[PDB]
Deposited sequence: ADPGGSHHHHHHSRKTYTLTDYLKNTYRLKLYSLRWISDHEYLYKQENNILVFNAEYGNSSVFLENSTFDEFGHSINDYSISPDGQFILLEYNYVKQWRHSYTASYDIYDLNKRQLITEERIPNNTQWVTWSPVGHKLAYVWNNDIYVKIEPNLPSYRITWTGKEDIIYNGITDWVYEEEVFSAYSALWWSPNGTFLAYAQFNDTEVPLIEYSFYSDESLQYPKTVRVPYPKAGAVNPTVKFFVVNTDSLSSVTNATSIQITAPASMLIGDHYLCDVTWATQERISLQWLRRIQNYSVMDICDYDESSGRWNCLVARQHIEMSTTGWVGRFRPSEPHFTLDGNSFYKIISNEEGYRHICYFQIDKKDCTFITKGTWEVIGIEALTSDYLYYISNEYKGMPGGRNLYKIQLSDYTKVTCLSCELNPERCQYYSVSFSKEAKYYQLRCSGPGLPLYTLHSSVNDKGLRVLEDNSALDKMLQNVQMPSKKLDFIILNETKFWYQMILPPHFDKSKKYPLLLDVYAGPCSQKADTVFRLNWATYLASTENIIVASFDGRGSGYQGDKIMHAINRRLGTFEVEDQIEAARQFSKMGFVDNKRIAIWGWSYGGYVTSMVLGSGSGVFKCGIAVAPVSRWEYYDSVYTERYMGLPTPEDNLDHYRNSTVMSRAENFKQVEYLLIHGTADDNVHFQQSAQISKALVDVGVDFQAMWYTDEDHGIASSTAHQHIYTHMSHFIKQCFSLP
């Protein structure tokens, strides 16, 4: 048998995880029941029994233990908002007493909750205001009084910061020992609202108009203010005093962003700011003052990160990782030859020394200790799509060990890692090319303690089913290596011609050609429908240097789009591809590229599918768009904004078969965008196929809708490829 569409839609073959929460330097949790394992022995005693909350009345969505392990916080009444943001009711359970707290509880509809990094201090955000509980039973101190729905955000992010800047809803940051609580405040007063209909249940007679403060390219952005409050000196008589840390002079000159908040030590905080034109960023190191009780950021402590050839950082400037004393830090910056590597900065010095070098990039700094710095890079065998954990010696930078390279070179080439509190032990997470392999290691002698999850249960199931393989190779364009990957059908024959579907994302810093193992839509197409599904990382793709990544700076919808067309052209010359049946599909940014590729009138692609695509950049949000495009004004980059629209390629769709799909409640890429494509195709007399998904957002992640879309796409693809 083969991996069917039903197999994918109904999760027939499930990949087992081993998700763990580190609690101390040698202990971690796991849900079977809630067990607490040991890194030393492996013995696990139950921390909270499966049905300790049998008589609770509510379905517990998530749990949160305080760092001292005295209290557990229970999350229920989950009402998802955007990608990360949501609402939930909260209850605190005493572990040393075994009972819920009934007096002065966390109110219904709480936006965010967080324990202090040590002890059991609690900070929550309700109605856009910040509250603090020193004890779980005592009443909370209201920190901010400015919070206003859709307008003022305290300790929580507005739409744009959540999606594009912080990849999180929370804008609260406890100091390492929970003394201070650092928070941002967003102001959307003048940010225009995106409005769309929400039809809701059949029972709703008149559709709801959802109105979200959302800054489209070049529109009035939110403004950010930072504050730090002293939770140890809070009063229940007078209002909490919140010390402001104003952005540097070089940022207040115009529009800016708060892009990073990292605590250095107990009395030292680092803030990274970014100009609206995102090629200049500055880090303020701010120390706490004694008798004045304020925060000072010495101008000589300012470290600038900029780019002449593009934008600063990959999506944002990388975070700093401070040494224990906080007088030095390590962060990832692009070097002189364009490659991103770890630089060792001195708090007082302007220059930094690169501790890593080469034609490959560092993905992230994982752990910093007294002796070693741990990082993940794609250095192994020069494969940008690989991931390996590396140890580097601080006293000598030439002393670099690979902790995951030679563990299992065959099945493991894509690693992520989870270090314990003081990095004494780490959990390695293998994601491909073989089945996912979760292992636990001791960082002292680097020995392998035990296999946590090998996915043998899945392995035996898949031995029976005809599975597709992955080819991960590179082509040479203009004397430069460009990596592609192919999900090859089972019993792959080189002499037989195959239909090829080109899976596309192609966004700036994208990587679609990697060593990860995945069971997805492509797996079915290769397995059951015998379709080669291929992905290609061209100009604009990440993890290969700024030379390749910035190639599409201020020029979105050009070089990355030509490169998908060129990839498909290169694949035709490979011999095993049917050039009469080549298709292309993408989601989000991929949808835009798909559209653009089909609108190019190249002739390569017979048909395509764009899902929730960007139609033109003035419709997408400011932060992401202007990072690559700049402002849509005559004196900046308006010419290319106008030239890079899919609507202006409408005429060309007469040569191709198009399926446009979009959700009606898409907060991310508004249905507007597809509405303008459809209208454009309609005006030039192009027959195409469409599909809206009522009340579905950008993920189109409803169980029934997910199933529907993929089934609908499968028909389109099969119909296009002459498959019954």
Which runs of the deposited chain sequence never show up in the coordinates?
1 to 14, 47 to 48
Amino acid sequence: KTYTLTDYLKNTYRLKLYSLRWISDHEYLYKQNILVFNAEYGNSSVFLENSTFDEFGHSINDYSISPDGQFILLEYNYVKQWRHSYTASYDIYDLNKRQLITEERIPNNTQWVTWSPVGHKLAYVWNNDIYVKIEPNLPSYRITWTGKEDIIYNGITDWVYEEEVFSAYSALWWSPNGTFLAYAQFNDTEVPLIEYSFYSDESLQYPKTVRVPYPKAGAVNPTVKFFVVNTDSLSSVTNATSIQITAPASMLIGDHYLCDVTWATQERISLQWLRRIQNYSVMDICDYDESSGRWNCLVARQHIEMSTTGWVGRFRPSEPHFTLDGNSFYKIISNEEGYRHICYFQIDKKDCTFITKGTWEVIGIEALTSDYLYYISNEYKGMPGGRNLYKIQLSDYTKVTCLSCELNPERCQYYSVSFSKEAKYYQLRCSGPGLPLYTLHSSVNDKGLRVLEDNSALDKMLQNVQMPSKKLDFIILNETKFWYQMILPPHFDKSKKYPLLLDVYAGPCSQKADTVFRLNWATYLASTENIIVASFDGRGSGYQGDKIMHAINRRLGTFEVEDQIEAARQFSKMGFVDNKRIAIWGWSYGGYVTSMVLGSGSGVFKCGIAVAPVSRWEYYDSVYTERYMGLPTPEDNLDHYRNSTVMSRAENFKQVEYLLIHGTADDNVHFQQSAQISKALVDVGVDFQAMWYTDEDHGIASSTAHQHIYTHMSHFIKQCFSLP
From here on, numbers count along this sequence of modelled residues.
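Throughout, rigid core stands for the largest set of C-alpha atoms superposing within 1.5 Å between the two forms.
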Overlaying the structures in 7 other deposited structures of this protein on the rigid core, point out which of 189 to 197 and 236 to 244 has the bigger RMS C-alpha shift.
236 to 244
Which of these two stretches, 43 to 51 or 694 to 702, has the larger RMS Cα offset in 7 other deposited structures of this protein when the rigid core is kept aligned?
43 to 51
Per the record, averaged over C-alpha atoms, which has the higher B-factor: 210 to 218 or 479 to 487?
479 to 487
Name the higher of the two by mean Cα B-factor in the PDB entry, 625 to 633 versus 332 to 340.
332 to 340
In terms of recorded Cα temperature factor, pick the maximum from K470, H640, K494, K547.
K494
When you compare the CA B-factors of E410, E163, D260, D537 as listed in the entry, which one comes out on top?
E410
When the modelled residues of the chain are sorted by Cα temperature factor, does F571 land in the lowest, middle or highest third?
middle
If you rank every modelled residue in this chain by C-alpha B factor, which third holds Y131: lowest, middle or highest?
highest
Select lowest, middle or highest to describe the third in which the CA B-factor of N530 falls within its chain in this entry.
middle
Within this chain, which third does the Cα B-factor at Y86 fall in: lowest, middle or highest?
middle
Using the B-factor values recorded in the entry, state whether the Cα atom of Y397 falls in the lowest, middle or highest third among the modelled residues of its chain.
highest
